[PDB]
Amino acid sequence: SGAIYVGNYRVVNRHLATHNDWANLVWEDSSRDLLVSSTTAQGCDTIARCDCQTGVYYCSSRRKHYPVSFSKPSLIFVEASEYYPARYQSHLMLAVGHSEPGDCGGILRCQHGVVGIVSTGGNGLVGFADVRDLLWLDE
Ligand SMILES: Cc1cccc(CN2C[C@@H](C(N)=O)CCC2=O)c1
Ligand SMILES: [Zn+2]
C-alpha cells in the first residue's frame, strides 16, 4: 500500500483506490494502474520533473529502501494478477529489485522528488508506475 500527496491530490495504484477516491476522482487510467483523487488537506510531496534513471524505492516486504537504476517509462507486458488480466501496462519503469503484490504504493524517489510508485514485479524485478509526466499535479 501507499500514496503520493501533492497539493490537493492523492495518487494511488488504481487497483487499491478506495470508495472515497472513486467518489472524488480527478483522473484514472487502467493501462497505467494509476488513480488520482482530490483531498481537502494540502499534501507535502514534490513530484520530480526530470529524466533520472537512478533513485531509491521503499520495499515494504523487506522494510527497506533500496537504491536502484530503472528503465525509462515504457509499454510493458504484465502477466495476469488478482486485479488485472494479462495486458500491456503503459508508462512503466523496471528495475532489478525485490517486490511482492503488497509492495504496490511504495514510493520511488530521485534527488528531484517523487518519480512514481511500485506497481508490478516478480522474478527479481520491480516495476514503477511513472508520475513525472502528470504536470497538472503541480497546479
Ligand atoms: C508489486 C508486484 C509484485 C509482484 C506481482 C505483482 C502483481 N500485481 C500487478 C499489478 C499491476 N500493475 O498489474 C496489479 C496488482 C498485482 O498484484 C505486483
Ligand atoms: Zn530526478
Side-chain angles (χ1 to χ4, degrees):
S1 63
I4 308 162
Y5 294 97
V6 47
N8 290 276
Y9 299 120
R10 168 170 139 94
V11 186
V12 295
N13 291 92
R14 192 189 181 266
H15 75 274
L16 300 179
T18 69
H19 270 35
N20 198 81
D21 288 319
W22 281 105
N24 294 286
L25 175 70
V26 172
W27 169 82
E28 55 83 19
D29 185 337
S30 176
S31 76
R32 294 178 66 153
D33 183 40
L34 289 184
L35 184 135
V36 175
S37 59
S38 51
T39 66
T40 60
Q42 261 232 207
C44 306
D45 291 324
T46 286
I47 304 307
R49 299 299 174 196
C50 67
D51 63 2
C52 288
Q53 281 187 252
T54 63
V56 177
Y57 82 102
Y58 177 56
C59 170
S60 65
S61 62
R62 290 288 179 276
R63 286 184 192 128
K64 199 123 154 60
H65 298 260
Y66 289 106
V68 282
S69 290
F70 53 90
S71 67
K72 286 177 162 175
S74 71
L75 192 56
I76 297 291
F77 194 70
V78 175
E79 294 295 315
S81 71
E82 305 234 331
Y83 290 96
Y84 296 102
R87 83 222 199 280
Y88 285 88
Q89 181 159 322
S90 64
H91 301 261
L92 186 62
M93 301 170 291
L94 302 185
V96 174
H98 181 68
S99 66
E100 300 180 28
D103 290 328
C104 287
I107 277 168
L108 170 65
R109 61 172 68 246
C110 68
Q111 69 185 99
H112 308 106
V114 179
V115 173
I117 51 180
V118 173
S119 177
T120 76
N123 288 331
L125 298 162
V126 51
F128 309 97
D130 187 52
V131 304
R132 307 175 284 186
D133 69 308
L134 301 174
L135 311 186
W136 53 262
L137 288 171
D138 296 350
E139 55 221 31

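Here, residue 1 is the first one in the sequence, and each next residue gets the next number. Remember, it's 1-based here, ligands and their atoms both numbered in the order they're listed. Both backbone and side-chain heavy atoms feed into the values below; hydrogens, waters and symmetry mates do not.
- With hydrogens and angles ignored, the 3.5 Å screen pairs no side-chain donor or acceptor of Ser31 with any backbone N or O of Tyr88.
- A donor-acceptor pair is defined here as one N or O able to donate and one able to accept, closer than 3.5 Å; such a pair exists between the side chain of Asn13 and the backbone of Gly105.
- Protein atoms of type N/O/S that fall under 2.8 Å from the Zn ion (ligand 2) number 4 in this view.
- Tested against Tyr57, the residues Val126, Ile107, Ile117 include a single side-chain contact (heavy atoms from CB on, under 4.5 Å) partner, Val126.
- One hydrophobic cluster holds both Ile4 and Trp136 under the rule that ILVMFWY side chains link at heavy-atom gaps under 4.5 Å.
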- I would like to know whether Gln89 and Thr120 meet side-chain hydrogen bond (donor to acceptor under 3.5 Å, both in side chains); could you show each step before the answer? CA-CA 9 Å; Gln89 181 159 322; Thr120 76; 5.8 Å; no

- Item | Candidate pair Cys52 and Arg132, rule side chain to side chain contact (heavy atoms under 4.5 Å, CB included), full reasoning | CA-CA 10 Å; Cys52 288; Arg132 307 175 284 186; 4.2 Å; yes

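- The same ILVMFWY cluster, assembled from side-chain heavy atoms under 4.5 Å apart, contains both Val11 and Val114.
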Check: residues 38-45 side-chain donor-acceptor pairs under 3.5 Å, at least two apart:
unit_1: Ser38; atom_1: OG; unit_2: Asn24; atom_2: O; d: 3.3
unit_1: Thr39; atom_1: OG1; unit_2: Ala41; atom_2: O; d: 2.8
unit_1: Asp45; atom_1: OD2; unit_2: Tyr5; atom_2: N; d: 2.8

Kindly print each ligand 1 N/O atom paired with any protein N/O atom under 3.5 angstrom away, one pair per line, or none if nothing qualifies.
unit_1: ligand 1; atom_1: 12 (N); unit_2: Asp33; atom_2: OD2; d: 3.4
unit_1: ligand 1; atom_1: 12 (N); unit_2: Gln89; atom_2: OE1; d: 2.9
unit_1: ligand 1; atom_1: 12 (N); unit_2: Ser119; atom_2: O; d: 3.0
unit_1: ligand 1; atom_1: 12 (N); unit_2: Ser119; atom_2: OG; d: 2.9
unit_1: ligand 1; atom_1: 13 (O); unit_2: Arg87; atom_2: NH1; d: 3.1

Determine all donor-acceptor pairs shorter than 3.5 Å in which one atom belongs to a side chain in residues 74-81; sequence neighbours excluded.
unit_1: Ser81; atom_1: OG; unit_2: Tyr83; atom_2: N; d: 3.2
unit_1: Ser81; atom_1: OG; unit_2: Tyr84; atom_2: N; d: 3.3

